[PDB]
Amino acid sequence: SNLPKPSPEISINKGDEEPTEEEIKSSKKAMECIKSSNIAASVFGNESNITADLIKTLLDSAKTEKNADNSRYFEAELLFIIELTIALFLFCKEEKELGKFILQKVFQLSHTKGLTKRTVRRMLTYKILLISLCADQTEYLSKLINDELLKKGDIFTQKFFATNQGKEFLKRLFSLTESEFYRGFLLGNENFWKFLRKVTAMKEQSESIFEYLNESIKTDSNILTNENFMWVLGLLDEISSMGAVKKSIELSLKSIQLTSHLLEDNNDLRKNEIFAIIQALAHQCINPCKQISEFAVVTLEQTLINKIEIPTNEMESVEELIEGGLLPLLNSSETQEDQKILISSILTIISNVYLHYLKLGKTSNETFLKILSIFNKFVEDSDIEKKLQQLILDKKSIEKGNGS
């Protein structure tokens, strides 16, 4: 919106001392003269007039200490100064020292005490605009992310991020990633992904976040690196767990489809993170919502049956998918209500992938003994016993089929 204009100390609208009518008329004449002078369109009109000297003199001229004399206009005059300097700097092409000058000076001004919350809300947009324009100033971006975007939380609440100002701020902030210069810091800094987790915890910003993340994945797999895998995977895991039993369920299925599709982006995924994929997908099946579990149970099977590649040097045997990937879910003790009936579903997926890879023929003798052992880990339950009653017929039939 527009700037906050500097207010007067007393006001009136049609020892008391009103202004006199003749001097009121004189001041109106003065305003008419100044408006006829075109002060705004003169000193900032022609492109040739703006130069570095004007920027330095303008930015150095702003007041810095609050006084009783200047309580009227301290907060607004600063914002007017930074807007004027950034607007004039947008015409200037040089980035050697002038941009660093404005950046250091505005960061010095912003930290001053006593400012109202509106001014600090406004200054961050100017800061991110300046970072986007300039280059090779990563230390100040780190300072902004650590201090002025994570430590100060009460200033930056959900409702400020809800309005279009926050949306444009996030748009400019995520545009900073695609820049050639500042991508180096943004791949794997802990503070940035922690802030991303914080904003994903909010509910208004989920759709834009998923749009940005899906786009950045789909153009290329460059954002995925070995030193930042778990943070972004936790990000999609947090987005996937946003059930409520109204429209966000579809966004959750889109997120599940994205993390399903994450495997085929690059062949050089290390052994640590494939199990993270399987764990993240399988952990969604325990959600209270039936729709998300119904999609999870099919998407996990699709990912395990289509996009995995045993014979590469990552995995020595297919058992590592279950021994390595799906094992930690079943290990869940002291779970009274949340352990009763889910186990049959994951055992069904285990059986299905066993049938597929046994049709393909790459297992060994000990594998069926070991999965029989994991069946014996859960056999005393009544429903699991009834489900296990029918294991033997399918085992015998699939044993007879592929060989014969």
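All Cβ positions, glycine included, derive from the backbone under ideal geometry; neighbour counts span all protein chains shown. We did not get these values from a lab; they are worked out from the coordinates using the rules stated.
The single condition from (1) of a type in the set (S, T, N, Q); (2) surrounded by 13 or more Cβ atoms within 10 Å (Cβ to Cβ); (3) not in a helix (DSSP H, G or I) that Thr303 fails is (3).
With respect to the conditions (1) outside any helix (DSSP H, G or I); (2) loosely packed, with under 13 Cβ neighbours inside 10 Å, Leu115 falls short on a single one, namely (2).
Checking segment 274-288 against the condition returns a match, with at least one residue being under 24 Å from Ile239 (Cβ atoms) and exposed (fewer than 15 other Cβ atoms within 10 Å of the Cβ). Screening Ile341, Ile308 for residues that are farther than 24 Å from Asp383 by Cβ and either part of a loop (DSSP other than H, G, I, E, B) or touching a strand residue (DSSP E or B) at 6+ places or on another chain (Cβ under 6 Å) (or both) leaves exactly one candidate, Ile308. Restricting segment 380-396 to residues that are of a type outside the set (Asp, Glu) and exposed (fewer than 11 other Cβ atoms within 10 Å of the Cβ), the residue that is farthest from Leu342 (Cα to Cα) is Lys396. Scoring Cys92 on the criteria (1) under 20 Å from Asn146 (Cα atoms); (2) in contact with a helix residue (DSSP H, G or I) (Cβ under 7 Å, 6 or more places away or on another chain); (3) surrounded by fewer than 18 Cβ atoms within 10 Å (Cβ to Cβ) leaves a single failure, condition (1). Beta carbons closer than 8 Å, at least 6 apart along the sequence or on distinct chains, pair a first residue in segment 55-78 that is of a type in the set (S, T, N, Q) with a second that is not in a helix (DSSP H, G or I) for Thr64/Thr112; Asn70/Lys63.
In this entry, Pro8 passes the filter for residues that are within 49 Å of the chain's Cα centre (by Cα) and in a loop (DSSP other than H, G, I, E, B). Would you check if there is a residue in segment 110-119 being of a type in the set (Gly, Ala, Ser), under 24 Å from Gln165 (Cα atoms) and within 28 Å of the chain's Cα centre (by Cα)? Looking for residues that are of a type in the set (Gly, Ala, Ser), under 24 Å from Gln165 (Cα atoms) and within 28 Å of the chain's Cα centre (by Cα), one finds at least one in segment 110-119, hence yes. For the residues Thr64, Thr85, the requirement of being out of contact with any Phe, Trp or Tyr (no Cβ under 8 Å at 6 or more places or on another chain), polar (S, T, N, Q) and in a helix (DSSP H, G or I) singles out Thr85.
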